[PDB]
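J.: What follows is query.tsv; its format and atoms are TSV, C-alpha atoms and all ligand atoms.
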```
chain	number	residue	atom	x	y	z
A	1	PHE	CA	-20.76	110.24	57.87
A	2	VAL	CA	-18.90	108.97	54.80
A	3	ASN	CA	-15.54	109.45	56.48
A	4	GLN	CA	-13.20	109.28	53.52
A	5	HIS	CA	-10.15	109.14	55.82
A	6	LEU	CA	-11.01	105.88	57.59
A	7	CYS	CA	-12.27	104.51	54.26
A	8	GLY	CA	-9.04	105.34	52.45
A	9	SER	CA	-7.19	103.65	55.31
A	10	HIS	CA	-8.89	100.42	54.22
A	11	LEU	CA	-8.53	101.17	50.50
A	12	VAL	CA	-4.76	101.52	50.68
A	13	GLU	CA	-4.37	98.15	52.42
A	14	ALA	CA	-6.71	96.48	49.92
A	15	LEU	CA	-4.64	98.04	47.13
A	16	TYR	CA	-1.40	96.76	48.67
A	17	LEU	CA	-2.90	93.27	48.59
A	18	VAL	CA	-4.37	93.55	45.08
A	19	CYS	CA	-1.52	95.24	43.21
A	20	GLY	CA	1.35	93.30	44.78
A	21	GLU	CA	4.60	93.79	42.90
A	22	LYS	CA	3.02	96.30	40.50
A	23	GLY	CA	2.38	98.92	43.16
A	24	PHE	CA	-0.15	101.72	42.97
A	25	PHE	CA	-0.50	105.50	42.92
A	26	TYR	CA	-2.92	106.80	45.55
A	27	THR	CA	-4.32	110.33	45.77
A	28	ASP	CA	-7.20	111.47	47.98
A	29	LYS	CA	-8.51	113.84	45.30
A	30	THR	CA	-9.25	111.61	42.30
B	1	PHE	CA	7.63	108.64	65.68
B	2	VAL	CA	7.88	104.86	66.04
B	3	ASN	CA	11.32	103.28	65.50
B	4	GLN	CA	10.68	99.74	64.21
B	5	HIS	CA	10.51	97.69	61.01
B	6	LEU	CA	7.23	98.46	59.24
B	7	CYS	CA	6.37	95.78	56.70
B	8	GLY	CA	3.39	94.66	54.70
B	9	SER	CA	0.22	96.74	54.91
B	10	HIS	CA	1.71	98.60	57.90
B	11	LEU	CA	4.17	100.25	55.49
B	12	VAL	CA	1.40	101.80	53.39
B	13	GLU	CA	-0.57	102.57	56.56
B	14	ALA	CA	2.15	104.94	57.74
B	15	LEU	CA	2.36	106.42	54.24
B	16	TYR	CA	-1.34	107.14	54.71
B	17	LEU	CA	-0.68	108.82	58.07
B	18	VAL	CA	2.42	110.87	57.22
B	19	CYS	CA	1.67	112.15	53.71
B	20	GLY	CA	-2.01	113.04	54.00
B	21	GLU	CA	-3.50	115.23	51.28
B	22	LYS	CA	-0.15	115.16	49.47
B	23	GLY	CA	-0.54	111.49	48.58
B	24	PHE	CA	2.11	108.85	48.09
B	25	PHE	CA	3.53	106.46	45.52
B	26	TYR	CA	4.08	102.84	46.58
B	27	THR	CA	6.48	100.67	44.56
B	28	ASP	CA	8.06	97.61	46.19
B	29	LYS	CA	10.13	96.69	43.12
B	30	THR	CA	13.58	96.00	44.58
C	1	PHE	CA	-23.21	107.10	61.36
C	2	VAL	CA	-20.16	108.53	63.14
C	3	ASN	CA	-19.28	105.17	64.62
C	4	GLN	CA	-16.84	106.16	67.33
C	5	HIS	CA	-15.87	102.51	67.93
C	6	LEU	CA	-14.46	101.80	64.47
C	7	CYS	CA	-12.95	105.30	64.46
C	8	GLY	CA	-11.20	104.78	67.78
C	9	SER	CA	-9.90	101.49	66.40
C	10	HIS	CA	-7.97	103.56	63.84
C	11	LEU	CA	-7.06	106.29	66.34
C	12	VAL	CA	-5.34	103.89	68.72
C	13	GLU	CA	-3.15	102.46	65.93
C	14	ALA	CA	-2.29	105.95	64.69
C	15	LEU	CA	-1.38	106.87	68.27
C	16	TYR	CA	0.83	103.79	68.61
C	17	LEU	CA	2.70	104.95	65.52
C	18	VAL	CA	2.90	108.62	66.53
C	19	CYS	CA	3.82	108.32	70.22
C	20	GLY	CA	6.31	105.48	69.91
C	21	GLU	CA	8.36	105.03	73.06
C	22	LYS	CA	6.42	107.75	74.90
C	23	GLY	CA	3.15	105.83	74.92
C	24	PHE	CA	-0.30	107.33	75.32
C	25	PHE	CA	-3.36	107.35	77.57
C	26	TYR	CA	-6.58	106.60	75.69
C	27	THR	CA	-10.12	107.04	77.03
C	28	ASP	CA	-13.33	106.92	74.98
C	29	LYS	CA	-14.92	109.70	77.03
C	30	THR	CA	-12.57	112.68	76.62
D	1	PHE	CA	-9.23	84.08	73.35
D	2	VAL	CA	-6.33	83.86	70.89
D	3	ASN	CA	-3.06	82.34	72.16
D	4	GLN	CA	-0.26	83.97	70.14
D	5	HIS	CA	2.32	86.76	70.27
D	6	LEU	CA	0.56	90.08	69.69
D	7	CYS	CA	3.02	92.79	68.69
D	8	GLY	CA	2.94	96.23	67.18
D	9	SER	CA	-0.45	97.82	66.53
D	10	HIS	CA	-2.09	94.42	67.16
D	11	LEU	CA	-1.17	94.80	70.84
D	12	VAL	CA	-3.13	98.04	71.22
D	13	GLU	CA	-5.89	96.62	69.01
D	14	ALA	CA	-6.63	93.92	71.58
D	15	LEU	CA	-6.43	96.51	74.35
D	16	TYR	CA	-9.16	98.29	72.40
D	17	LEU	CA	-11.24	95.10	72.24
D	18	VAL	CA	-10.83	93.83	75.80
D	19	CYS	CA	-10.99	97.01	77.89
D	20	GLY	CA	-13.79	98.91	76.14
D	21	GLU	CA	-15.33	101.84	77.99
D	22	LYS	CA	-12.82	101.31	80.80
D	23	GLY	CA	-9.92	102.48	78.65
D	24	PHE	CA	-6.29	101.45	78.75
D	25	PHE	CA	-2.80	102.82	79.30
D	26	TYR	CA	-0.10	101.85	76.79
D	27	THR	CA	3.56	102.17	77.79
D	28	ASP	CA	6.19	100.10	75.97
D	29	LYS	CA	9.09	101.39	78.09
D	30	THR	CA	10.99	98.22	78.98
E	1	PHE	CA	-23.35	105.94	56.20
E	2	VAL	CA	-23.40	102.62	58.06
E	3	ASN	CA	-20.87	101.11	55.70
E	4	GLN	CA	-21.24	97.43	56.46
E	5	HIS	CA	-18.14	96.58	54.40
E	6	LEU	CA	-15.62	98.57	56.45
E	7	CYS	CA	-17.46	97.48	59.60
E	8	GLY	CA	-17.27	93.79	58.70
E	9	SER	CA	-13.57	94.33	58.02
E	10	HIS	CA	-13.21	95.12	61.74
E	11	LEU	CA	-15.66	92.41	62.81
E	12	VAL	CA	-13.71	89.62	61.13
E	13	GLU	CA	-10.47	90.64	62.86
E	14	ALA	CA	-12.23	90.92	66.22
E	15	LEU	CA	-13.68	87.45	65.61
E	16	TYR	CA	-10.25	86.04	64.77
E	17	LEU	CA	-9.04	87.35	68.13
E	18	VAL	CA	-12.08	86.20	70.12
E	19	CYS	CA	-12.63	82.71	68.68
E	20	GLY	CA	-9.00	81.65	68.48
E	21	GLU	CA	-8.63	77.93	67.87
E	22	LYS	CA	-12.40	77.45	67.58
E	23	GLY	CA	-12.73	79.49	64.40
E	24	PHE	CA	-15.89	81.13	63.13
E	25	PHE	CA	-18.35	81.13	60.23
E	26	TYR	CA	-18.88	84.60	58.75
E	27	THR	CA	-21.61	85.60	56.30
E	28	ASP	CA	-22.56	89.16	55.32
E	29	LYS	CA	-26.26	88.29	55.17
E	30	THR	CA	-27.11	87.05	58.67
F	1	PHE	CA	-2.32	89.39	43.84
F	2	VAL	CA	0.28	89.65	46.61
F	3	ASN	CA	2.78	86.78	46.95
F	4	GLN	CA	3.76	86.64	50.63
F	5	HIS	CA	2.99	84.84	53.90
F	6	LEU	CA	-0.30	86.16	55.28
F	7	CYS	CA	-0.68	85.34	58.96
F	8	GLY	CA	-2.83	86.39	61.86
F	9	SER	CA	-5.66	88.83	61.19
F	10	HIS	CA	-4.18	89.50	57.73
F	11	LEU	CA	-5.24	85.97	56.72
F	12	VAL	CA	-8.92	86.65	57.46
F	13	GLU	CA	-8.58	90.14	55.99
F	14	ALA	CA	-7.81	88.68	52.57
F	15	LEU	CA	-10.64	86.19	53.01
F	16	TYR	CA	-12.80	89.27	53.48
F	17	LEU	CA	-11.45	90.82	50.28
F	18	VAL	CA	-11.49	87.80	47.97
F	19	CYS	CA	-14.73	86.03	48.91
F	20	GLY	CA	-17.09	88.98	49.33
F	21	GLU	CA	-20.82	88.24	49.41
F	22	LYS	CA	-20.02	84.51	49.18
F	23	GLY	CA	-18.58	84.46	52.70
F	24	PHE	CA	-15.86	82.28	54.13
F	25	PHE	CA	-15.19	79.68	56.81
F	26	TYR	CA	-12.11	80.15	59.00
F	27	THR	CA	-10.70	77.16	60.89
F	28	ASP	CA	-7.06	77.18	62.01
F	29	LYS	CA	-7.20	73.68	63.52
F	30	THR	CA	-4.05	72.02	62.17
G	1	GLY	CA	-11.06	114.77	73.97
G	2	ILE	CA	-9.37	112.82	71.19
G	3	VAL	CA	-12.63	111.09	70.29
G	4	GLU	CA	-14.68	114.28	69.77
G	5	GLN	CA	-11.80	115.88	67.82
G	6	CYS	CA	-10.38	113.09	65.61
G	7	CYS	CA	-13.56	111.31	64.44
G	8	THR	CA	-15.83	114.07	63.13
G	9	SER	CA	-12.76	115.68	61.55
G	10	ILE	CA	-9.45	114.12	60.57
G	11	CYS	CA	-6.43	114.72	62.81
G	12	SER	CA	-2.91	115.15	61.45
G	13	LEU	CA	0.21	113.60	62.96
G	14	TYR	CA	0.94	116.83	64.85
G	15	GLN	CA	-2.58	116.89	66.31
G	16	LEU	CA	-2.28	113.25	67.38
G	17	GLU	CA	1.04	114.01	69.09
G	18	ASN	CA	-0.73	116.12	71.74
G	19	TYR	CA	-2.19	113.04	73.44
G	20	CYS	CA	1.16	111.25	73.73
G	21	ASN	CA	2.89	111.07	77.11
H	1	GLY	CA	-26.97	88.16	62.20
H	2	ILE	CA	-23.59	89.50	63.29
H	3	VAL	CA	-23.74	92.26	60.69
H	4	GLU	CA	-27.10	93.71	61.78
H	5	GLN	CA	-26.07	93.47	65.46
H	6	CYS	CA	-22.41	94.55	65.58
H	7	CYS	CA	-22.38	97.49	63.12
H	8	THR	CA	-25.27	99.73	64.18
H	9	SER	CA	-24.28	99.08	67.81
H	10	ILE	CA	-20.94	97.99	69.24
H	11	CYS	CA	-20.53	94.36	70.33
H	12	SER	CA	-18.47	93.34	73.35
H	13	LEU	CA	-16.11	90.37	73.47
H	14	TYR	CA	-18.83	88.23	75.05
H	15	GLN	CA	-21.30	89.15	72.30
H	16	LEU	CA	-18.73	88.33	69.62
H	17	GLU	CA	-18.10	84.93	71.24
H	18	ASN	CA	-21.59	83.74	70.26
H	19	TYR	CA	-20.63	83.41	66.59
H	20	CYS	CA	-17.54	81.30	67.29
H	21	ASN	CA	-17.62	77.57	66.55
I	1	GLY	CA	-11.23	108.63	41.38
I	2	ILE	CA	-10.80	105.67	43.72
I	3	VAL	CA	-12.08	107.68	46.66
I	4	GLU	CA	-15.40	108.72	45.08
I	5	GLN	CA	-15.93	105.17	43.74
I	6	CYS	CA	-14.81	102.83	46.55
I	7	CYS	CA	-16.18	104.61	49.65
I	8	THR	CA	-19.83	105.34	48.87
I	9	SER	CA	-20.05	101.88	47.27
I	10	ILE	CA	-17.90	98.82	47.85
I	11	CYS	CA	-15.28	97.91	45.23
I	12	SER	CA	-14.43	94.33	44.32
I	13	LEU	CA	-10.91	93.00	43.76
I	14	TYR	CA	-11.31	93.48	40.00
I	15	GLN	CA	-12.41	97.10	40.46
I	16	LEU	CA	-9.45	97.77	42.76
I	17	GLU	CA	-7.07	96.29	40.16
I	18	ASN	CA	-7.73	99.23	37.80
I	19	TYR	CA	-5.68	101.62	39.95
I	20	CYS	CA	-2.62	99.35	40.08
I	21	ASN	CA	0.43	100.22	37.99
J	1	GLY	CA	5.69	95.78	80.99
J	2	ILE	CA	3.08	94.83	78.40
J	3	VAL	CA	5.33	93.92	75.45
J	4	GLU	CA	7.66	91.54	77.31
J	5	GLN	CA	4.61	89.61	78.59
J	6	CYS	CA	2.27	89.58	75.59
J	7	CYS	CA	4.70	90.02	72.66
J	8	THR	CA	7.86	88.30	73.91
J	9	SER	CA	5.66	85.58	75.46
J	10	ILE	CA	1.95	84.74	75.18
J	11	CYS	CA	-0.70	86.44	77.33
J	12	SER	CA	-4.09	85.24	78.52
J	13	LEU	CA	-7.29	87.30	78.70
J	14	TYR	CA	-7.02	88.08	82.42
J	15	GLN	CA	-3.40	89.12	81.85
J	16	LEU	CA	-4.69	91.46	79.13
J	17	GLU	CA	-7.15	93.01	81.59
J	18	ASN	CA	-4.24	94.10	83.81
J	19	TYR	CA	-3.56	97.11	81.54
J	20	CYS	CA	-7.10	98.49	81.38
J	21	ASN	CA	-7.93	101.76	83.12
K	1	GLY	CA	13.33	101.48	47.40
K	2	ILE	CA	10.94	101.86	50.33
K	3	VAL	CA	10.96	98.30	51.70
K	4	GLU	CA	14.74	97.86	51.91
K	5	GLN	CA	14.99	101.12	53.89
K	6	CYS	CA	11.95	100.99	56.19
K	7	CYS	CA	11.28	97.22	56.40
K	8	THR	CA	14.77	95.72	56.09
K	9	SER	CA	16.09	98.55	58.28
K	10	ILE	CA	14.41	101.26	60.38
K	11	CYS	CA	13.23	104.56	58.89
K	12	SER	CA	12.80	107.98	60.45
K	13	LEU	CA	9.94	110.42	59.82
K	14	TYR	CA	11.82	112.56	57.29
K	15	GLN	CA	12.84	109.37	55.48
K	16	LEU	CA	9.14	108.47	55.37
K	17	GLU	CA	8.34	111.84	53.79
K	18	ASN	CA	10.59	110.97	50.82
K	19	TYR	CA	7.83	108.81	49.28
K	20	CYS	CA	4.98	111.34	49.47
K	21	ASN	CA	3.62	112.90	46.29
L	1	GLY	CA	-5.78	73.71	56.49
L	2	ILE	CA	-5.57	77.39	55.59
L	3	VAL	CA	-2.63	78.47	57.77
L	4	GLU	CA	-0.18	75.74	56.71
L	5	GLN	CA	-0.82	76.64	53.05
L	6	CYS	CA	-1.04	80.44	53.10
L	7	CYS	CA	0.97	81.31	56.25
L	8	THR	CA	3.57	78.54	56.39
L	9	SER	CA	3.91	78.77	52.60
L	10	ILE	CA	2.63	81.24	49.99
L	11	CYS	CA	-0.86	80.99	48.48
L	12	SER	CA	-2.20	82.12	45.12
L	13	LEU	CA	-5.58	83.75	44.46
L	14	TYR	CA	-7.32	80.56	43.32
L	15	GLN	CA	-5.95	78.81	46.41
L	16	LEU	CA	-7.49	81.61	48.46
L	17	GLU	CA	-10.87	81.01	46.81
L	18	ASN	CA	-10.88	77.43	48.16
L	19	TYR	CA	-12.02	78.68	51.60
L	20	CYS	CA	-14.95	80.82	50.47
L	21	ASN	CA	-18.51	79.73	51.24
A	101	CL	CL	-15.12	102.74	59.30
A	102	CL	CL	2.35	91.53	61.30
A	103	ZN	ZN	-13.06	101.35	59.59
A	104	ZN	ZN	0.32	92.95	61.12
```
Could you write out this file's structure as structure tokens?
Ligand SMILES: [Cl-]
Ligand SMILES: [Cl-]
Ligand SMILES: [Zn+2]
Ligand SMILES: [Zn+2]
T.:
Amino acid sequence: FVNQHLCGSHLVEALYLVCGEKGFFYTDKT
Amino acid sequence: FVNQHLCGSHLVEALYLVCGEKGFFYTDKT
Amino acid sequence: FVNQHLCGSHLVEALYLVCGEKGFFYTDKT
Amino acid sequence: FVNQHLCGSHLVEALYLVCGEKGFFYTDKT
Amino acid sequence: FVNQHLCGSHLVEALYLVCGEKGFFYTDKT
Amino acid sequence: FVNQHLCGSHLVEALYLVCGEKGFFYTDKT
Amino acid sequence: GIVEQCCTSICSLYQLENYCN
Amino acid sequence: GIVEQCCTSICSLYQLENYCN
Amino acid sequence: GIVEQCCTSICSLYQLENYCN
Amino acid sequence: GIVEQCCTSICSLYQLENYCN
Amino acid sequence: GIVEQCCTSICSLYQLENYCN
Amino acid sequence: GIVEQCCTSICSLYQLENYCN
């Protein structure tokens, strides 16, 4: 529908590629 | 659970599966 | 829309991580 | 088709692509 | 909704598996 | 950006993330 | 089945463990 | 194109082979 | 947040770089 | 099994089909 | 860190939970 | 090609952009 679970599954991988050594903080709430 | 070496995106992927609504922090700084 | 194909693509990976040595039987019909 | 070593989730991923509506059984017990 | 971005993310991997040595040309416009 | 060896599907995955609407050509012929 | 349960709504690790052998 | 054919409806391996070089 | 911005609409690499440390 | 054929060594398509239901 | 425990070596589930918020 | 530069060795971002259409 807008399945935020499967979408976040892609977002976290994209963030692992983009951030690199910096890392990132991920929260499924904003 | 799986008993292997998770590396790369896979790492974060499992952090997405285990944590859930809690969220996770990802820092690969050795 | 509710694309069960892309969703099952994630489900099978999550099941590979969760089951581990046990394995799993997957059918896209119930 | 690709001629490489598929391992980890990738393995199941191709089982998801090749089988289809038939389904597959995944058992990594050596 | 029909999120063509996440769907193309799966399509490109499926194409990498299917084409193999041949390769493929991918464009998100037809 | 990440500083590692991308191989397999991962390769194309980053081509999907970096290029975007431009598109990419994928040929692994050595 | 797994496909009518874990696509419309998200399934946790414990819910996904049911379908393991 | 591949994106108007293999997103609304699922594409098999044979359908995905059309777009290979 | 990232989830209300990068799911309804696609986020580029530059947009995804905001949430890095 | 499946790993020792397709992960330890390389599998073909018709060897992949041997594990479908 | 996380890599040297779960990638260099093998992690368990409760070692995975140590990096959740 | 692309593999011998980014898989055999490590690529940068602007080396990645060399394979975009
Ligand atoms: Cl999706
Ligand atoms: Cl890998
Ligand atoms: Zn998806
Ligand atoms: Zn991988």
J.: Collect all residues with atoms no farther than 8 Å from ligand ZN 103 (chain A), counting only C-alpha atoms and all ligand atoms, and output them as an MDAnalysis selection string.
T.: (chainID A and resid 6:7 9:10) or (chainID C and resid 6:7 9:10) or (chainID E and resid 6:7 9:10)
J.: Save the residues we just selected, C-alpha atoms, as a PDB file, in the coordinates of the input?
T.:
```
ATOM      1  CA  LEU A   6     -11.010 105.880  57.590  1.00  0.00           C
ATOM      2  CA  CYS A   7     -12.270 104.510  54.260  1.00  0.00           C
ATOM      3  CA  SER A   9      -7.190 103.650  55.310  1.00  0.00           C
ATOM      4  CA  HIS A  10      -8.890 100.420  54.220  1.00  0.00           C
TER       5      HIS A  10
ATOM      6  CA  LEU C   6     -14.460 101.800  64.470  1.00  0.00           C
ATOM      7  CA  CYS C   7     -12.950 105.300  64.460  1.00  0.00           C
ATOM      8  CA  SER C   9      -9.900 101.490  66.400  1.00  0.00           C
ATOM      9  CA  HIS C  10      -7.970 103.560  63.840  1.00  0.00           C
TER      10      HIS C  10
ATOM     11  CA  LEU E   6     -15.620  98.570  56.450  1.00  0.00           C
ATOM     12  CA  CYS E   7     -17.460  97.480  59.600  1.00  0.00           C
ATOM     13  CA  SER E   9     -13.570  94.330  58.020  1.00  0.00           C
ATOM     14  CA  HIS E  10     -13.210  95.120  61.740  1.00  0.00           C
TER      15      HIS E  10
END
```
J.: Give, as AutoDock Vina command-line options, the centre coordinates and the x, y and z edge lengths in Å to one decimal for an axis-aligned box around all listed atoms of range 9-24 of chain A, padded by 6 Å on each side.
T.:
```
--center_x -2.1 --center_y 98.5 --center_z 47.9 --size_x 25.5 --size_y 22.4 --size_z 26.8
```
J.: Can you work out the spacing between CA of residue 8 in chain H and CA of residue 29 in chain E in Å, to one decimal?
T.: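 Separation of CA of residue 8 in chain H and CA of residue 29 in chain E: 14.6 Å.
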J.: May I have the residues within 10 Å of residue 12 in chain I as a list in words, using all atoms listed in the file and disregarding those fewer than 6 positions away in the same chain?
T.: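 Contacts, in chain order: residues 14 of chain A; 17, 18, 19 and 20 of chain F; 6 of chain I.
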J.: Least-squares superposition of chain A on chain B, every Cα paired in order: what RMSD, in Å?
T.: 5.6 Å
J.: Taking 5 positions as the minimum chain separation for residues in the same chain, which residues sit within 10 Å of residue 19 in chain L when counting all atoms listed in the file? Answer as JSON, numbers by chain.
T.: {"F": [15, 18, 19, 23, 24, 25, 26, 27], "L": [1, 2, 14]}
J.: Could you list as a list in words every residue that has an atom within 7 Å of (12.7, 94.0, 49.4), using the file's coordinates and counting all atoms listed in the file?
T.: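 These residues have at least one counted atom within 7 Å: residues 28 and 30 of chain B; 3 and 4 of chain K.
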J.: Could you give me, as number ranges by chain, the residues within 9 Å of residue 7 in chain H, counting only C-alpha atoms and dropping anything in the same chain fewer than 2 positions from it?
T.: C: 3; E: 2-4, 7-8, 11; H: 2-5, 9-11
J.: Just to confirm, what's the straight-line distance from CA of residue 22 in chain B to CA of residue 17 in chain G in Å (one decimal)?
T.: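 Computing it gives 19.7 Å between the two atoms.
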